[PDB]
Each structure stands twice: as structure tokens, then as C-alpha cells.
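Data block below; observations after.
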Amino acid sequence: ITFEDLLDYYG
Amino acid sequence: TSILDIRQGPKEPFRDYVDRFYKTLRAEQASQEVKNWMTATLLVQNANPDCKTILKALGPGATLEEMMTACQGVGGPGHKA
């Protein structure tokens, strides 16, 4: 996974 | 702190570790591209042994949701005795 996936998940 | 310093506790829920990793990585001074690479490598690398096994098995195409599901209860179940 990418940082973008983290941003999407928690954002 | 440094993203390099974030590692899953021996019994820490994977969901908790991902949250800590995200919080630290947000603050890290690096390019977006580099943050992507950090996520793509370090998150699995610095998972505890039992989660790390599961995550490698799931493969590189796994989603965060899928990783969360697969690691549920590893180290746990964490209910009061």
C-alpha cells in the first residue's frame, strides 16, 4: 500500500 | 520522531500500529513519492513477526482494509480475562 491509501483510509 | 523508529509492539493490534505509522509519516519531512515508498516498504517490514507473516502472504496487491482484516486478533484477542 501507499501513503495515499493511508490518507484515504484515515481522511 | 522518525518514521524509521515506528515498529509494531509484540502484542500490539495491527490496527493500532498502522495508526501510529500514519501519524508519524504525516509529520515526516520527505517527498510524497518517498512517503509512498516508505509506506510500501516499512509498514510491512516493521510489523511484528506474526503480522509480518500474514502480510507477506496477502501479497503486494492487498488493500489496507484487507490487511486489517487478516491481522485481526493477532497478538490478541485482547479481551479482559
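Every chain in the C-alpha cells has a letter given in the order shown (A, B, ...), and although residue numbers restart at 1 in each chain, ligands are simply numbered from 1 in the order shown.
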
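Residues from chain A found within 8 Å of chain B are residues 1, 2, 3, 4, 5, 6 and 9 of chain A, counting only C-alpha atoms.
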
Using only C-alpha atoms, determine which residues lie at most 9 Å from residue 72 of chain B, disregarding the query and same-chain residues fewer than 3 positions distant; provide the list as a ChimeraX atom specification. /B:13-15,67-69,75-77

Backbone DSSP call of helix (DSSP H, G or I) for chain B, listed as a PDB file with N, CA, C and O atoms, in the first residue's frame:
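part13.pdb was written with the following content:
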ATOM      1  N   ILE B   3       9.922   8.170  11.063  1.00  0.00           N
ATOM      2  CA  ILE B   3       9.157   7.014  10.618  1.00  0.00           C
ATOM      3  C   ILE B   3       9.952   5.714  10.789  1.00  0.00           C
ATOM      4  O   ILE B   3       9.378   4.644  10.960  1.00  0.00           O
ATOM      5  N   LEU B   4      11.282   5.816  10.752  1.00  0.00           N
ATOM      6  CA  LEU B   4      12.135   4.646  10.863  1.00  0.00           C
ATOM      7  C   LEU B   4      12.058   4.022  12.251  1.00  0.00           C
ATOM      8  O   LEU B   4      12.393   2.839  12.424  1.00  0.00           O
ATOM      9  N   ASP B   5      11.612   4.823  13.214  1.00  0.00           N
ATOM     10  CA  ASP B   5      11.501   4.421  14.620  1.00  0.00           C
ATOM     11  C   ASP B   5      10.185   3.734  14.960  1.00  0.00           C
ATOM     12  O   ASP B   5      10.011   3.266  16.090  1.00  0.00           O
ATOM     13  N   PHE B  14      -2.524  -4.783  15.080  1.00  0.00           N
ATOM     14  CA  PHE B  14      -2.054  -4.210  13.803  1.00  0.00           C
ATOM     15  C   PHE B  14      -2.730  -2.866  13.517  1.00  0.00           C
ATOM     16  O   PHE B  14      -2.073  -1.907  13.081  1.00  0.00           O
ATOM     17  N   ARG B  15      -4.035  -2.774  13.765  1.00  0.00           N
ATOM     18  CA  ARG B  15      -4.757  -1.520  13.553  1.00  0.00           C
ATOM     19  C   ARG B  15      -4.162  -0.332  14.341  1.00  0.00           C
ATOM     20  O   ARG B  15      -4.147   0.807  13.881  1.00  0.00           O
ATOM     21  N   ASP B  16      -3.644  -0.600  15.538  1.00  0.00           N
ATOM     22  CA  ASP B  16      -3.054   0.447  16.338  1.00  0.00           C
ATOM     23  C   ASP B  16      -1.716   0.867  15.730  1.00  0.00           C
ATOM     24  O   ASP B  16      -1.409   2.044  15.647  1.00  0.00           O
ATOM     25  N   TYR B  17      -0.933  -0.114  15.291  1.00  0.00           N
ATOM     26  CA  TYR B  17       0.384   0.170  14.721  1.00  0.00           C
ATOM     27  C   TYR B  17       0.245   0.985  13.434  1.00  0.00           C
ATOM     28  O   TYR B  17       0.993   1.953  13.222  1.00  0.00           O
ATOM     29  N   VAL B  18      -0.714   0.613  12.589  1.00  0.00           N
ATOM     30  CA  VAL B  18      -0.912   1.361  11.335  1.00  0.00           C
ATOM     31  C   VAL B  18      -1.242   2.826  11.648  1.00  0.00           C
ATOM     32  O   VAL B  18      -0.689   3.743  11.021  1.00  0.00           O
ATOM     33  N   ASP B  19      -2.099   3.037  12.650  1.00  0.00           N
ATOM     34  CA  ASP B  19      -2.472   4.384  13.064  1.00  0.00           C
ATOM     35  C   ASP B  19      -1.231   5.187  13.482  1.00  0.00           C
ATOM     36  O   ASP B  19      -1.039   6.313  13.035  1.00  0.00           O
ATOM     37  N   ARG B  20      -0.359   4.583  14.287  1.00  0.00           N
ATOM     38  CA  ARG B  20       0.862   5.269  14.739  1.00  0.00           C
ATOM     39  C   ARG B  20       1.811   5.555  13.566  1.00  0.00           C
ATOM     40  O   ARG B  20       2.408   6.635  13.474  1.00  0.00           O
ATOM     41  N   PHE B  21       1.924   4.586  12.659  1.00  0.00           N
ATOM     42  CA  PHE B  21       2.782   4.724  11.489  1.00  0.00           C
ATOM     43  C   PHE B  21       2.267   5.902  10.647  1.00  0.00           C
ATOM     44  O   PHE B  21       3.052   6.751  10.233  1.00  0.00           O
ATOM     45  N   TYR B  22       0.962   5.940  10.398  1.00  0.00           N
ATOM     46  CA  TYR B  22       0.369   7.033   9.627  1.00  0.00           C
ATOM     47  C   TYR B  22       0.644   8.387  10.279  1.00  0.00           C
ATOM     48  O   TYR B  22       1.095   9.340   9.618  1.00  0.00           O
ATOM     49  N   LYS B  23       0.407   8.469  11.586  1.00  0.00           N
ATOM     50  CA  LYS B  23       0.582   9.757  12.277  1.00  0.00           C
ATOM     51  C   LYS B  23       2.014  10.263  12.164  1.00  0.00           C
ATOM     52  O   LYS B  23       2.246  11.454  11.917  1.00  0.00           O
ATOM     53  N   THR B  24       2.982   9.355  12.306  1.00  0.00           N
ATOM     54  CA  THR B  24       4.380   9.742  12.218  1.00  0.00           C
ATOM     55  C   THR B  24       4.744  10.107  10.780  1.00  0.00           C
ATOM     56  O   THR B  24       5.522  11.048  10.531  1.00  0.00           O
ATOM     57  N   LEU B  25       4.208   9.350   9.822  1.00  0.00           N
ATOM     58  CA  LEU B  25       4.620   9.553   8.428  1.00  0.00           C
ATOM     59  C   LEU B  25       4.079  10.886   7.920  1.00  0.00           C
ATOM     60  O   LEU B  25       4.733  11.570   7.121  1.00  0.00           O
ATOM     61  N   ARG B  26       2.909  11.269   8.417  1.00  0.00           N
ATOM     62  CA  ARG B  26       2.335  12.572   8.037  1.00  0.00           C
ATOM     63  C   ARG B  26       3.293  13.712   8.362  1.00  0.00           C
ATOM     64  O   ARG B  26       3.417  14.672   7.587  1.00  0.00           O
ATOM     65  N   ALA B  27       3.952  13.600   9.513  1.00  0.00           N
ATOM     66  CA  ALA B  27       4.882  14.622  10.009  1.00  0.00           C
ATOM     67  C   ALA B  27       6.314  14.547   9.425  1.00  0.00           C
ATOM     68  O   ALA B  27       7.075  15.520   9.483  1.00  0.00           O
ATOM     69  N   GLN B  32       6.367  13.339  -1.343  1.00  0.00           N
ATOM     70  CA  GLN B  32       5.226  12.421  -1.464  1.00  0.00           C
ATOM     71  C   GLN B  32       5.616  11.054  -2.020  1.00  0.00           C
ATOM     72  O   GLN B  32       5.185  10.019  -1.494  1.00  0.00           O
ATOM     73  N   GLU B  33       6.431  11.063  -3.036  1.00  0.00           N
ATOM     74  CA  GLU B  33       6.904   9.892  -3.670  1.00  0.00           C
ATOM     75  C   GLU B  33       7.658   8.993  -2.668  1.00  0.00           C
ATOM     76  O   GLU B  33       7.469   7.837  -2.584  1.00  0.00           O
ATOM     77  N   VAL B  34       8.513   9.618  -1.917  1.00  0.00           N
ATOM     78  CA  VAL B  34       9.243   8.928  -0.847  1.00  0.00           C
ATOM     79  C   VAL B  34       8.301   8.405   0.249  1.00  0.00           C
ATOM     80  O   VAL B  34       8.486   7.289   0.745  1.00  0.00           O
ATOM     81  N   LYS B  35       7.282   9.186   0.613  1.00  0.00           N
ATOM     82  CA  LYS B  35       6.354   8.708   1.627  1.00  0.00           C
ATOM     83  C   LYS B  35       5.624   7.476   1.130  1.00  0.00           C
ATOM     84  O   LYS B  35       5.320   6.582   1.923  1.00  0.00           O
ATOM     85  N   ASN B  36       5.318   7.437  -0.171  1.00  0.00           N
ATOM     86  CA  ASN B  36       4.685   6.250  -0.764  1.00  0.00           C
ATOM     87  C   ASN B  36       5.580   5.016  -0.662  1.00  0.00           C
ATOM     88  O   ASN B  36       5.144   3.914  -0.307  1.00  0.00           O
ATOM     89  N   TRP B  37       6.849   5.240  -0.948  1.00  0.00           N
ATOM     90  CA  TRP B  37       7.839   4.173  -0.886  1.00  0.00           C
ATOM     91  C   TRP B  37       8.006   3.709   0.575  1.00  0.00           C
ATOM     92  O   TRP B  37       8.037   2.499   0.850  1.00  0.00           O
ATOM     93  N   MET B  38       8.076   4.660   1.500  1.00  0.00           N
ATOM     94  CA  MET B  38       8.133   4.316   2.929  1.00  0.00           C
ATOM     95  C   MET B  38       6.950   3.454   3.349  1.00  0.00           C
ATOM     96  O   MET B  38       7.116   2.489   4.104  1.00  0.00           O
ATOM     97  N   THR B  39       5.759   3.795   2.873  1.00  0.00           N
ATOM     98  CA  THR B  39       4.574   3.029   3.248  1.00  0.00           C
ATOM     99  C   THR B  39       4.630   1.619   2.637  1.00  0.00           C
ATOM    100  O   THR B  39       4.339   0.625   3.300  1.00  0.00           O
ATOM    101  N   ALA B  40       5.068   1.571   1.411  1.00  0.00           N
ATOM    102  CA  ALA B  40       5.143   0.350   0.652  1.00  0.00           C
ATOM    103  C   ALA B  40       6.206  -0.629   1.137  1.00  0.00           C
ATOM    104  O   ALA B  40       6.158  -1.788   0.826  1.00  0.00           O
ATOM    105  N   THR B  41       7.158  -0.128   1.886  1.00  0.00           N
ATOM    106  CA  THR B  41       8.180  -0.995   2.388  1.00  0.00           C
ATOM    107  C   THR B  41       8.172  -1.181   3.919  1.00  0.00           C
ATOM    108  O   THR B  41       8.182  -2.281   4.402  1.00  0.00           O
ATOM    109  N   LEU B  42       8.143  -0.086   4.656  1.00  0.00           N
ATOM    110  CA  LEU B  42       8.355  -0.079   6.088  1.00  0.00           C
ATOM    111  C   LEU B  42       7.192  -0.578   6.885  1.00  0.00           C
ATOM    112  O   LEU B  42       7.377  -1.124   7.931  1.00  0.00           O
ATOM    113  N   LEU B  43       5.982  -0.371   6.368  1.00  0.00           N
ATOM    114  CA  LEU B  43       4.818  -0.765   7.150  1.00  0.00           C
ATOM    115  C   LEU B  43       4.848  -2.277   7.389  1.00  0.00           C
ATOM    116  O   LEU B  43       4.698  -2.728   8.520  1.00  0.00           O
ATOM    117  N   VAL B  44       5.043  -3.042   6.327  1.00  0.00           N
ATOM    118  CA  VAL B  44       5.135  -4.493   6.473  1.00  0.00           C
ATOM    119  C   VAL B  44       6.460  -4.852   7.145  1.00  0.00           C
ATOM    120  O   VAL B  44       6.501  -5.719   8.014  1.00  0.00           O
ATOM    121  N   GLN B  45       7.540  -4.182   6.772  1.00  0.00           N
ATOM    122  CA  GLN B  45       8.858  -4.533   7.317  1.00  0.00           C
ATOM    123  C   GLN B  45       8.903  -4.460   8.842  1.00  0.00           C
ATOM    124  O   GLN B  45       9.519  -5.322   9.504  1.00  0.00           O
ATOM    125  N   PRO B  49       6.604 -10.096  14.080  1.00  0.00           N
ATOM    126  CA  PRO B  49       6.718 -11.340  13.285  1.00  0.00           C
ATOM    127  C   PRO B  49       5.419 -12.011  12.837  1.00  0.00           C
ATOM    128  O   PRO B  49       5.319 -12.441  11.680  1.00  0.00           O
ATOM    129  N   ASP B  50       4.429 -12.098  13.719  1.00  0.00           N
ATOM    130  CA  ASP B  50       3.193 -12.789  13.387  1.00  0.00           C
ATOM    131  C   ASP B  50       2.337 -12.063  12.339  1.00  0.00           C
ATOM    132  O   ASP B  50       1.745 -12.706  11.478  1.00  0.00           O
ATOM    133  N   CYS B  51       2.278 -10.729  12.419  1.00  0.00           N
ATOM    134  CA  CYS B  51       1.573  -9.956  11.401  1.00  0.00           C
ATOM    135  C   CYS B  51       2.344  -9.942  10.103  1.00  0.00           C
ATOM    136  O   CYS B  51       1.744 -10.012   9.022  1.00  0.00           O
ATOM    137  N   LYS B  52       3.667  -9.865  10.213  1.00  0.00           N
ATOM    138  CA  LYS B  52       4.532  -9.759   9.044  1.00  0.00           C
ATOM    139  C   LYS B  52       4.310 -10.989   8.161  1.00  0.00           C
ATOM    140  O   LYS B  52       4.138 -10.885   6.948  1.00  0.00           O
ATOM    141  N   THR B  53       4.267 -12.163   8.783  1.00  0.00           N
ATOM    142  CA  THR B  53       3.953 -13.386   8.041  1.00  0.00           C
ATOM    143  C   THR B  53       2.653 -13.290   7.228  1.00  0.00           C
ATOM    144  O   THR B  53       2.621 -13.576   6.016  1.00  0.00           O
ATOM    145  N   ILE B  54       1.585 -12.883   7.892  1.00  0.00           N
ATOM    146  CA  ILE B  54       0.287 -12.727   7.253  1.00  0.00           C
ATOM    147  C   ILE B  54       0.340 -11.707   6.096  1.00  0.00           C
ATOM    148  O   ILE B  54      -0.229 -11.941   5.027  1.00  0.00           O
ATOM    149  N   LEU B  55       1.021 -10.592   6.317  1.00  0.00           N
ATOM    150  CA  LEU B  55       1.018  -9.511   5.341  1.00  0.00           C
ATOM    151  C   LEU B  55       1.752  -9.905   4.072  1.00  0.00           C
ATOM    152  O   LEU B  55       1.272  -9.618   2.964  1.00  0.00           O
ATOM    153  N   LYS B  56       2.896 -10.570   4.240  1.00  0.00           N
ATOM    154  CA  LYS B  56       3.654 -11.073   3.087  1.00  0.00           C
ATOM    155  C   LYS B  56       2.820 -12.057   2.277  1.00  0.00           C
ATOM    156  O   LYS B  56       2.863 -12.048   1.041  1.00  0.00           O
ATOM    157  N   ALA B  57       2.057 -12.892   2.984  1.00  0.00           N
ATOM    158  CA  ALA B  57       1.239 -13.911   2.342  1.00  0.00           C
ATOM    159  C   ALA B  57       0.177 -13.266   1.473  1.00  0.00           C
ATOM    160  O   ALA B  57      -0.036 -13.711   0.345  1.00  0.00           O
ATOM    161  N   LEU B  58      -0.440 -12.191   1.971  1.00  0.00           N
ATOM    162  CA  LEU B  58      -1.509 -11.493   1.237  1.00  0.00           C
ATOM    163  C   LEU B  58      -1.034 -10.925  -0.100  1.00  0.00           C
ATOM    164  O   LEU B  58      -1.812 -10.803  -1.037  1.00  0.00           O
ATOM    165  N   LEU B  64      -5.339  -1.865   2.400  1.00  0.00           N
ATOM    166  CA  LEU B  64      -5.247  -1.673   3.842  1.00  0.00           C
ATOM    167  C   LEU B  64      -6.388  -2.402   4.564  1.00  0.00           C
ATOM    168  O   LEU B  64      -6.154  -3.098   5.570  1.00  0.00           O
ATOM    169  N   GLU B  65      -7.614  -2.256   4.050  1.00  0.00           N
ATOM    170  CA  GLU B  65      -8.790  -2.967   4.608  1.00  0.00           C
ATOM    171  C   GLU B  65      -8.532  -4.479   4.700  1.00  0.00           C
ATOM    172  O   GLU B  65      -8.790  -5.121   5.730  1.00  0.00           O
ATOM    173  N   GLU B  66      -7.978  -5.047   3.638  1.00  0.00           N
ATOM    174  CA  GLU B  66      -7.677  -6.476   3.626  1.00  0.00           C
ATOM    175  C   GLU B  66      -6.610  -6.861   4.643  1.00  0.00           C
ATOM    176  O   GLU B  66      -6.718  -7.907   5.297  1.00  0.00           O
ATOM    177  N   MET B  67      -5.595  -6.007   4.787  1.00  0.00           N
ATOM    178  CA  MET B  67      -4.536  -6.234   5.778  1.00  0.00           C
ATOM    179  C   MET B  67      -5.080  -6.207   7.185  1.00  0.00           C
ATOM    180  O   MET B  67      -4.723  -7.057   8.014  1.00  0.00           O
ATOM    181  N   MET B  68      -5.936  -5.226   7.441  1.00  0.00           N
ATOM    182  CA  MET B  68      -6.582  -5.066   8.739  1.00  0.00           C
ATOM    183  C   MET B  68      -7.360  -6.337   9.059  1.00  0.00           C
ATOM    184  O   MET B  68      -7.189  -6.939  10.133  1.00  0.00           O
ATOM    185  N   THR B  69      -8.177  -6.774   8.110  1.00  0.00           N
ATOM    186  CA  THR B  69      -8.972  -7.986   8.315  1.00  0.00           C
ATOM    187  C   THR B  69      -8.110  -9.216   8.625  1.00  0.00           C
ATOM    188  O   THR B  69      -8.404  -9.945   9.577  1.00  0.00           O
ATOM    189  N   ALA B  70      -7.040  -9.419   7.859  1.00  0.00           N
ATOM    190  CA  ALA B  70      -6.171 -10.586   8.011  1.00  0.00           C
ATOM    191  C   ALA B  70      -5.393 -10.628   9.323  1.00  0.00           C
ATOM    192  O   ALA B  70      -5.052 -11.705   9.818  1.00  0.00           O
ATOM    193  N   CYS B  71      -5.100  -9.449   9.867  1.00  0.00           N
ATOM    194  CA  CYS B  71      -4.317  -9.381  11.094  1.00  0.00           C
ATOM    195  C   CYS B  71      -5.175  -9.246  12.333  1.00  0.00           C
ATOM    196  O   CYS B  71      -4.637  -9.167  13.425  1.00  0.00           O
TER     197      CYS B  71
END

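If you look at atom CA of residue 47 of chain B and atom CA of residue 8 of chain B, they are 5.0 Å away from each other.
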
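Here atom CA of residue 46 of chain B stands at a distance of 28.9 Å from atom CA of residue 81 of chain B.
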
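Relative to atom CA of residue 78 of chain B, atom CA of residue 10 of chain A is found at 23.1 Å.
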